[PDB]
Amino acid sequence: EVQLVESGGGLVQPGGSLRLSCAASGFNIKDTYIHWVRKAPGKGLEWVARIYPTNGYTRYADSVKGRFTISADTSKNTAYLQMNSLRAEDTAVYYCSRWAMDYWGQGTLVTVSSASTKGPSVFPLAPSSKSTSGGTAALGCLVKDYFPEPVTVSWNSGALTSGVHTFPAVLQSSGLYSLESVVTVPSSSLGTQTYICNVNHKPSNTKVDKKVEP
Amino acid sequence: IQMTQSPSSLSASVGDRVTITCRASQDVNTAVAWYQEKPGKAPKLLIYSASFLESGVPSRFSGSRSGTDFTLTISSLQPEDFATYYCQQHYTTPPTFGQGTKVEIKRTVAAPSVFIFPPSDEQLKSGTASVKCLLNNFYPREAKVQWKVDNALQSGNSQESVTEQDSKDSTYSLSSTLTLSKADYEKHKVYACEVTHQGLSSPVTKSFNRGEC
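Asker: Go over the overall build of chain B with me, naming the residues and quoting the values.
Answerer: Counting its secondary structure elements, chain B contains 2 helices and 19 strands. Here the C-alpha radius of gyration of chain B, 23 Å, is well above what a compact globule of 213 residues would show, namely 17 Å. For chain B, the C-alpha atoms occupy an extent of roughly 65 × 35 × 25 Å along the three principal directions. Counting every position in chain B, which comprises 213 residues, the buried fraction comes to 46%.

Written out as structure tokens, the structure reads:
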């Protein structure tokens, strides 16, 4: 089973440096080309660089020439992307692949920003008191003002999954993100069941459980 | 060498015949591949060298070339084939990708259920105010949200978020947020979300009176 695993992504300042690694399993990188390919938030796939580990020959996209360096260590079956003079435009999920590109890793997220990490506040979206008796009620949590992406949300520690909608994050005018997670439940359960959203913002090491009451 | 891909999206039913095309700006011979991508997943190779099926890729997928144009065909669409597809030329360096084509699943019209949420007392205490309108499990995706504050039409102070198609009933859900300063919020009384959608005989309005339990 061929596998490719990227690591090293995260949040960095503009003009900074970051090194990504691509660990290969199930094949030897001496026998192939290794590529880096990226996908910026809503921009489509863009090839970044290629290397032939056997002789170290490299090719680069014009957009990263000089300031990025792709390398490999065949004794570690691992390839690397050293990124320098980082720009906002470099913000992307970075994938490594091998040569068509028949296998890809899951990718690692790189965010280039001057902004500091900020944990979210979590606010309840309480089910309405004019909710139809014997019908369906909606409730949720607002996970507001965090940076960077991503946030995860579960309900009742994962025991509640049916009828949950966790929305894609919204970038607010402030440059901070916000998102909602909602769930629809029977009206008859509002005074008898407890509903807790479990919010994780790993970039700030923030875990919050918020009880949503009628 | 640019890869012009069409269309950007399409809706289809299981069993359908689907056609995605890719126009290269200049000659690329047969050095073309097609990839399938799904949210948060590794892209996957479907077809290599224009027309060759990758091992393990079902024989419902096919690719062909005529001149500068490359075509990805799915003979009979299966449930797992809902995804985004990209073409790629590797004729020269740099290899380049099409803009992608999102294949979504067509279903019957379904009207949204609508809910409105006042800013929580907790948010109000922390210093801000967000009013929200939820549109739950609707199809098709196209939907209009109109905010009203004391019957006055709002413009340019709201943001929307929309889910991807639900993996069980193929619908969309939408969250709309009206943004106001806390001081502005308390200057008005009746907050209203008016929803227009094909599944609605006439637009539905949900509202609350500020402060009412």
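Asker: Quick rundown of the interface of chain B and chain A? Include the residues and the values.
Answerer: On the chain A side, the residues contacting the 41 residues of chain B number 38 residues. Buried area between chain B and chain A, both sides added, is near 3,200 Å², and the carbon and sulfur share of it is 66%. Its largest share of buried area at the contact with chain A, chain B owes to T93(B), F97(B) and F117(B), together 17% of the area lost on that side. For the interface between chain B and chain A, the tally reads 3 salt bridges. Two residues, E180(A) and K132(B), come together in a salt bridge whose shortest N-O distance is 2.5 Å. Summed over the shared surface of chain B and chain A, the result is 9 residue pairs in polar contact. Among the elements that line the side of chain B that touches chain A, the one with the most residues is strand β13 (residues 128-138) of chain B, at 6 residues. Tallied by class, the residues present in the side of chain B that touches chain A amount to 16 nonpolar, 17 polar and 8 charged.

Asker: Explain the side chain of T184(A) residue by residue, including any values.
Answerer: Position of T184(A) relative to the elements: it lies in strand β17 (residues 177-186). Residues within four places of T184(A) in sequence aside, it is in contact with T136(A), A137(A), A138(A), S162(A), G163(A), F115(B) and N136(B).

Asker: Describe in detail the sheet that holds strand β15 (residues 152-153) of chain B, supporting the description with residues and values.
Answerer: All names here are of chain B. Strand order in the open sheet formed by 4 strands is β15-β14-β18-β19, and the pairing between neighbours is antiparallel. At either margin of the open sheet sits one strand with a lone partner, and together these are β15 and β19 (204-209). Relative to strand β18 (residues 190-196), strand β14 (residues 144-149) runs antiparallel, the two sharing 6 bridges. Counterpart to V145 in the pairing with β18 is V195.

Asker: How would you summarise the domain arrangement of chain B if you had to cite specific residues and measurements?
Answerer: Residues and elements named next belong to chain B. Assigned domains of chain B: these are domain 1 (1-107) and domain 2 (108-210). Counting residues at the interface gives 7 residues for domain 1, matched by 10 residues for domain 2. Around 730 Å² of area is buried between domain 1 and domain 2 when both sides are counted, 36% of it from carbon and sulfur atoms. For the domain 1 face of the interface with domain 2, the top three residues by lost area are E104, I105 and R107, together amounting to 74%. Across the domain 1-domain 2 interface, the total number found is 1 salt bridge. Residue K102 pairs with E164 through a salt bridge whose shortest N-O separation is 3.0 Å. Looking at the side of domain 1 that touches domain 2 element by element, the count peaks at 3 residues for strand β11 (residues 101-105). Partitioned by chemical class, the residues of the side of domain 1 that touches domain 2 number 2 nonpolar, 1 polar and 4 charged.

Asker: Which residues make up the domain arrangement of chain A, and what values go with them?
Answerer: Think of interface size as the accessible area that goes away when the parts come together; that is how it is often given. All names here are of chain A. Domain boundaries in chain A define domain 1 (1-114) and domain 2 (115-214). The centre of domain 1, based on its C-alpha atoms, is set 35 Å off from the matching centre of domain 2. With 4 residues of domain 1 in contact, the opposing surface of domain 2 contributes 6 residues. Summed over both sides, the interface of domain 1 with domain 2 buries roughly 380 Å², with 63% coming from carbon and sulfur. Here domain 1 and domain 2 share 0 salt bridges between them. Taken together, the connections running from domain 1 to domain 2 amount to 1 residue pair in polar contact.

Asker: How would you explain the pattern of salt bridges if you had to name every residue and give the values?
Answerer: A complete count under the given rule lists 18 salt bridges over all chains for this structure. Residues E46(A) and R38(A) are paired through a salt bridge, measuring 2.8 Å at the closest nitrogen-oxygen approach. A relative accessible area of 35% means that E46(A) is categorised as partly exposed. Salt-bridge contacts for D16(B) lead to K106(B); the nearest nitrogen and oxygen are separated by 3.3 Å. Of this pair, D16(B) sits in the loop between β2 (9-12) and β3 (18-24) while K106(B) sits in the loop between β11 and β12 (113-117), and the two are 90 residues apart along the sequence. Note on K106(B): relative accessible area 37%, which makes it partly exposed. Linked through salt bridges whose partners overlap, the residues forming this network are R38(A), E46(A), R67(A) and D90(A).

About the criteria used
- Residues numbered from 1 in each chain as written, not as in the entry; some residues may be left out.
- Chains lettered and ligands numbered in written order.
- Heavy atoms only, no water.
- Helix = DSSP H or I, 4+ residues; strand = E, 2+ residues; numbered from the N terminus.
- Rg over C-alpha atoms; globule rule 2.2 N^0.38 Å.
- Buried < 20%, exposed > 50% of the residue type's maximum accessible area, 1.4 Å probe, protein only.
- Contact = heavy atoms within 4.5 Å.
- Buried area = accessible area lost by both parts, 1.4 Å probe.
- Salt bridge = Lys/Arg side-chain N within 4 Å of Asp/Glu carboxyl O.
- Polar contact = N/O pair within 3.5 Å; in protein donor to acceptor, adjacent residues only side chain to side chain.
- Nonpolar A, V, L, I, M, F, W, Y, C, P; charged D, E, K, R; others polar.
- Pairing = 2+ DSSP bridges.
- Domains from an automatic or database assignment.

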